[PDB]
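Contents: one structure, followed by commentary.
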Amino acid sequence: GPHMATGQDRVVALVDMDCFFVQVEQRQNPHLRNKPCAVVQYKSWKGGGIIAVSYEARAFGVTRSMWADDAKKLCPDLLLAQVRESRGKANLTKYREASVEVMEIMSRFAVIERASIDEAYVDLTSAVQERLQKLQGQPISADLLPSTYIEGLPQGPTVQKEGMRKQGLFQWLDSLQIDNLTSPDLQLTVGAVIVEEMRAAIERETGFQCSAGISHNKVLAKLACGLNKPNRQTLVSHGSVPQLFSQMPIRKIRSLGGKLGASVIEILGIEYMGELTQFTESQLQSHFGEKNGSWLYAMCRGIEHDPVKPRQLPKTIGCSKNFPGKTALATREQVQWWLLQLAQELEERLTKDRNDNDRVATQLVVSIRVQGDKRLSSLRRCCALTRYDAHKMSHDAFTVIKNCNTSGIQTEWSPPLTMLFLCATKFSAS
DNA sequence: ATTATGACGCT
DNA sequence: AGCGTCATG
Ligand SMILES: [Mg+2]
């Protein structure tokens, strides 16, 4: 009762740039704007692999991880932009730089955690307190929430999308208690006002549109973000959780989309996240371990404690290339040439990182895949990264991997390599 | 031949 | 340290 925590102490948002690489290309090339468009890596094999898809193209069934030739079967007018190639490989610098533009804007409003190139969590708790003090008990107008959906509303006693959105928002705001500065629902609503302002600033200052979720923790904010895309935001209140979870497949919750989620489904014989409430914490820990069991117990009630980490920069800087099928590397000269290409891109990115961010990486991770290995990485080995020099880095990587060549001939490499990966890690301030 | 990343957990 | 999982609706 009065002692049961409800996990309503924070306001957290998740901001996701809509089809981010597509938007970067559409800003650069106006002919791609408001068209079915996708971004592809490479071209020779089946037209290249699609990695980002505009919402107009998604309407035709185009998706990521589809070959461009196949996408063109679904969408003959699909427009394509290709990722830049440098040193024989895809080079994502344009998108990393555009991501920095967006993250720097977001950081003006609140502390952000860079979850990925196109996604950031935002801790809004303090900003909401400040805005509530500035809002001396003044109600929140629907005009301050022009792109906000309130999940679960309208309910109870028009046939157009925007009309439905406004009906739900009106029900929410009429129900609000704008007098109580500690009301979690009011706090979320102010959070949504701030996120509208942040999203407007991003669009004005970059041209990029985003969707967002606002809730009391990261998992619910992420789930909320997915409910209304593109270019919209969704508020998931604590009270909305029972209904929302009652038909929510377990795999939709962040971290449960893989083997653990499949095991929850199979072991417990359930389908939906709300069904988890019927198990005790000890029962869940007995199946899924102490940590996962406690997390599931709280998360199915809408409660999660994982903090928004104050981290706007990536923790690693990596360069990776697959060599699939016939392109696998089979000679020593070939392996060394590609290690050098990767290391030259890595050196360029590291030197820029050091100038921009006042830090230096101290560990080099080298990973390879060998032909016929079911795992993504056949081997990972670390060595010291003491100098930002591509030739030294590629020589050191060759040194750490050279004992995997089972070929008795040092000129040949066997079995051929299907992946090379260099990653700089363990940054220290400088 | 579902890339090229990048997060975090386990032991 | 090296390996595995999860994510990119
Ligand atoms: Mg996105």
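Lettering and numbering for the structure tokens are positional, with chains as A, B, ... in the shown order, residues counted from 1 in each chain, and ligands counted from 1 in the shown order.
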
For this session: Residues up to 6 Å from ligand 1, counting only C-alpha atoms (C1' of nucleotides) and all ligand atoms: could you list those as a list in words?
Result: residues 16, 17, 18, 19, 20 and 118 of chain A

Problem set entry | Residue contacts of residue 144 of chain A (10 Å, only C-alpha atoms (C1' of nucleotides)) excluding same-chain residues fewer than 6 positions away, as a list in words |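 Final neighbour list, sorted by chain and number: residues 189, 190, 192, 193, 194, 196 and 197 of chain A.
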
Chain C near chain A within 7 Å: what's each residue's closest atom pair and its distance in Å to one decimal, counting only C-alpha atoms (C1' of nucleotides), ordered by chain then ascending residue number, as JSON lines?
```
{"residue": "C:2", "atom": "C1'", "partner": "A:380", "partner_atom": "CA", "distance": 6.5}
{"residue": "C:6", "atom": "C1'", "partner": "A:255", "partner_atom": "CA", "distance": 6.1}
{"residue": "C:9", "atom": "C1'", "partner": "A:226", "partner_atom": "CA", "distance": 6.5}
```

Exercise. Chain A residues within 10 Å of chain B, counting only C-alpha atoms (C1' of nucleotides): which ones, as a ChimeraX atom specification?
Worked result: /A:40-42,45-46,48-51,64-67,89-92,114-117,314-327,421

Problem set entry | strand (DSSP E) positions in segment 189-275 of chain A, given as a PyMOL selection string | chain A and resi 210-215+233-235

Could you give me the residues within segment 82-326 of chain A that DSSP places in helix (DSSP H, G or I), as a JSON list (two decimals) with C-alpha atoms, in the first residue's frame?
```
[["chain", "number", "residue", "atom", "x", "y", "z"],
["A", 93, "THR", "CA", 31.52, 9.93, -40.92],
["A", 94, "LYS", "CA", 28.68, 12.04, -42.41],
["A", 95, "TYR", "CA", 26.16, 10.37, -40.11],
["A", 96, "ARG", "CA", 28.35, 10.52, -37.02],
["A", 97, "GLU", "CA", 28.85, 14.27, -37.57],
["A", 98, "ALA", "CA", 25.12, 14.83, -38.06],
["A", 99, "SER", "CA", 24.49, 12.87, -34.86],
["A", 100, "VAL", "CA", 26.86, 15.22, -33.00],
["A", 101, "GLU", "CA", 24.81, 18.20, -34.28],
["A", 102, "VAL", "CA", 21.67, 16.73, -32.77],
["A", 103, "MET", "CA", 23.22, 15.58, -29.48],
["A", 104, "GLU", "CA", 24.73, 19.03, -28.87],
["A", 105, "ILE", "CA", 21.28, 20.63, -29.24],
["A", 106, "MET", "CA", 19.72, 18.09, -26.88],
["A", 107, "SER", "CA", 22.41, 18.72, -24.28],
["A", 108, "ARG", "CA", 21.25, 22.36, -23.97],
["A", 109, "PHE", "CA", 17.98, 21.19, -22.40],
["A", 125, "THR", "CA", 13.49, 15.41, -13.73],
["A", 126, "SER", "CA", 15.29, 18.63, -12.77],
["A", 127, "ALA", "CA", 14.21, 20.54, -15.88],
["A", 128, "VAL", "CA", 10.61, 19.59, -15.03],
["A", 129, "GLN", "CA", 11.01, 20.85, -11.46],
["A", 130, "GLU", "CA", 12.38, 24.20, -12.77],
["A", 131, "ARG", "CA", 9.57, 24.55, -15.34],
["A", 132, "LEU", "CA", 6.90, 23.74, -12.75],
["A", 133, "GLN", "CA", 8.28, 26.46, -10.43],
["A", 134, "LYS", "CA", 8.20, 28.87, -13.36],
["A", 142, "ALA", "CA", -3.02, 21.69, -25.43],
["A", 143, "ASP", "CA", -1.25, 24.22, -27.67],
["A", 144, "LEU", "CA", 1.98, 23.40, -25.83],
["A", 161, "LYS", "CA", -5.92, 10.64, -36.84],
["A", 162, "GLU", "CA", -5.24, 14.16, -35.58],
["A", 163, "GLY", "CA", -8.76, 14.37, -34.18],
["A", 164, "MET", "CA", -8.19, 11.19, -32.16],
["A", 165, "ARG", "CA", -4.85, 12.53, -30.89],
["A", 166, "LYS", "CA", -6.50, 15.76, -29.76],
["A", 167, "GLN", "CA", -9.40, 13.92, -28.10],
["A", 168, "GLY", "CA", -6.95, 11.88, -26.04],
["A", 169, "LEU", "CA", -4.89, 14.92, -25.12],
["A", 170, "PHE", "CA", -8.02, 16.83, -24.08],
["A", 171, "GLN", "CA", -9.13, 13.98, -21.81],
["A", 172, "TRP", "CA", -5.66, 13.87, -20.23],
["A", 173, "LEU", "CA", -5.42, 17.62, -19.64],
["A", 174, "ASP", "CA", -8.97, 17.94, -18.28],
["A", 175, "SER", "CA", -8.12, 15.20, -15.79],
["A", 184, "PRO", "CA", 3.83, 12.27, -11.34],
["A", 185, "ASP", "CA", 1.26, 12.73, -14.15],
["A", 186, "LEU", "CA", 1.79, 16.50, -14.07],
["A", 187, "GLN", "CA", 5.54, 15.93, -14.06],
["A", 188, "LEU", "CA", 5.30, 13.75, -17.16],
["A", 189, "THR", "CA", 3.13, 16.37, -18.87],
["A", 190, "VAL", "CA", 5.67, 19.11, -18.23],
["A", 191, "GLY", "CA", 8.32, 16.68, -19.46],
["A", 192, "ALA", "CA", 6.35, 16.35, -22.69],
["A", 193, "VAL", "CA", 6.20, 20.14, -23.04],
["A", 194, "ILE", "CA", 9.99, 20.28, -22.73],
["A", 195, "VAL", "CA", 10.39, 17.48, -25.26],
["A", 196, "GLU", "CA", 8.18, 19.36, -27.73],
["A", 197, "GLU", "CA", 10.52, 22.33, -27.30],
["A", 198, "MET", "CA", 13.63, 20.14, -27.71],
["A", 199, "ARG", "CA", 12.21, 18.51, -30.85],
["A", 200, "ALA", "CA", 11.28, 21.90, -32.28],
["A", 201, "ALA", "CA", 14.83, 23.15, -31.61],
["A", 202, "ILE", "CA", 16.35, 20.09, -33.29],
["A", 203, "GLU", "CA", 14.19, 20.55, -36.36],
["A", 204, "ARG", "CA", 14.75, 24.30, -36.58],
["A", 205, "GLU", "CA", 18.51, 24.05, -36.13],
["A", 206, "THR", "CA", 19.28, 20.90, -38.14],
["A", 218, "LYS", "CA", 14.20, 4.35, -19.89],
["A", 219, "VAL", "CA", 12.37, 1.14, -20.88],
["A", 220, "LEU", "CA", 8.96, 2.78, -20.85],
["A", 221, "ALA", "CA", 10.28, 5.88, -22.64],
["A", 222, "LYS", "CA", 11.71, 3.66, -25.39],
["A", 223, "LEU", "CA", 8.47, 1.68, -25.67],
["A", 224, "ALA", "CA", 6.49, 4.93, -25.75],
["A", 225, "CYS", "CA", 8.67, 6.31, -28.52],
["A", 226, "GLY", "CA", 7.74, 3.40, -30.79],
["A", 227, "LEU", "CA", 3.97, 3.87, -30.40],
["A", 238, "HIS", "CA", 2.36, 4.90, -14.84],
["A", 239, "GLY", "CA", -1.39, 4.32, -14.86],
["A", 240, "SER", "CA", -1.32, 3.37, -18.55],
["A", 241, "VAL", "CA", 0.94, 0.38, -17.89],
["A", 242, "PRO", "CA", -1.58, -2.38, -16.97],
["A", 243, "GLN", "CA", -3.63, -1.95, -20.12],
["A", 244, "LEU", "CA", -0.59, -1.31, -22.34],
["A", 245, "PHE", "CA", 1.21, -4.38, -21.07],
["A", 246, "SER", "CA", -1.87, -6.64, -21.14],
["A", 250, "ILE", "CA", 7.27, -9.73, -24.40],
["A", 251, "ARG", "CA", 9.69, -9.27, -27.31],
["A", 252, "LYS", "CA", 8.72, -5.60, -27.68],
["A", 259, "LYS", "CA", 16.96, -15.50, -26.41],
["A", 260, "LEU", "CA", 16.05, -14.34, -22.89],
["A", 261, "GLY", "CA", 12.63, -13.18, -24.05],
["A", 262, "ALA", "CA", 12.05, -16.43, -25.92],
["A", 263, "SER", "CA", 12.93, -18.32, -22.75],
["A", 264, "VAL", "CA", 10.53, -16.21, -20.66],
["A", 265, "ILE", "CA", 7.78, -17.13, -23.13],
["A", 266, "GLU", "CA", 8.64, -20.84, -23.29],
["A", 267, "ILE", "CA", 9.40, -21.49, -19.61],
["A", 268, "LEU", "CA", 6.47, -19.57, -18.18],
["A", 273, "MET", "CA", 4.39, -8.56, -20.62],
["A", 274, "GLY", "CA", 1.50, -8.05, -18.18],
["A", 275, "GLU", "CA", 1.25, -11.81, -17.59],
["A", 276, "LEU", "CA", 4.57, -11.57, -15.74],
["A", 277, "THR", "CA", 2.84, -9.97, -12.76],
["A", 278, "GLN", "CA", 1.49, -13.33, -11.63],
["A", 281, "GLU", "CA", 10.15, -12.21, -7.57],
["A", 282, "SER", "CA", 11.78, -15.42, -6.33],
["A", 283, "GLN", "CA", 10.06, -17.46, -9.07],
["A", 284, "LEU", "CA", 11.40, -15.13, -11.75],
["A", 285, "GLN", "CA", 14.88, -15.16, -10.20],
["A", 286, "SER", "CA", 14.76, -18.96, -10.10],
["A", 287, "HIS", "CA", 14.24, -19.13, -13.83],
["A", 288, "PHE", "CA", 16.21, -16.13, -15.10],
["A", 290, "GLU", "CA", 18.89, -12.83, -9.59],
["A", 291, "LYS", "CA", 19.41, -9.72, -11.73],
["A", 292, "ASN", "CA", 17.02, -10.54, -14.58],
["A", 293, "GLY", "CA", 14.41, -11.88, -12.17],
["A", 294, "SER", "CA", 14.33, -8.70, -10.09],
["A", 295, "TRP", "CA", 14.35, -6.57, -13.25],
["A", 296, "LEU", "CA", 11.41, -8.50, -14.75],
["A", 297, "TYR", "CA", 9.47, -8.39, -11.49],
["A", 298, "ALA", "CA", 9.68, -4.61, -11.39],
["A", 299, "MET", "CA", 9.53, -3.99, -15.13],
["A", 325, "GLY", "CA", 31.47, -15.45, -49.73],
["A", 326, "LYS", "CA", 34.09, -15.27, -52.46]]
```
